[PDB]
Ligand SMILES: Nc1ncnc2c1ncn2[C@@H]1O[C@H](COP(=O)(O)OP(=O)(O)O)[C@@H](O)[C@H]1O
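Residue numbers (UniProt numbering), protein chains in the order written: chain C, 557 to 606; chain Y, 506 to 556.
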């Protein structure tokens, strides 16, 4: 979700950030990450590394 | 000094250890620009996917 998909998978779509950059159309927006405290820290690929 | 003797370049491993924030990482890059080798950081803290 933070990095999209390979684009070789069926139905892959770019990660969320590219969408925000596409939408605000500026190179330097003010992203607001939310709820860092509760990141799902699982075996399924740790976002905290991401 | 040893690389200067036995001809060609050679690799070797090393380890540093000590309290955080002593500058370990800073010296890494400084050495890389000393020998003229290229630098590349690679964290592996807490990783588990060997792939
Ligand atoms: N004795 C020192 N000589 C040069 N830089 C130092 C020294 N002590 C602290 N630093 C500074 O400490 C900072 C962090 O060092 P570094 O090893 O990159 O991160 P960390 O210390 O968290 O491992 C660097 O900006 C570095 O310049």
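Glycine included, C-beta positions come from ideal geometry on N, C-alpha and C.
Got a sec: does ligand 1 put a non-hydrogen atom nearer than 7 angstroms to the Cβ of residue i?
i                      : result
residue 548 of chain Y : no
residue 512 of chain Y : no
residue 523 of chain Y : no
residue 553 of chain Y : no
residue 530 of chain Y : yes
residue 526 of chain Y : yes
With a threshold of 8 angstroms between beta carbons, is residue i in contact with chain B?
i                      : result
residue 543 of chain Y : Protein chains in the displayed structure are C and Y, and chain B is not among them.
- request: With 9 angstroms as the C-beta to C-beta threshold (strictly closer), list the residues of the stretch 512-541 of chain Y near chain C in chain order.
  value: none
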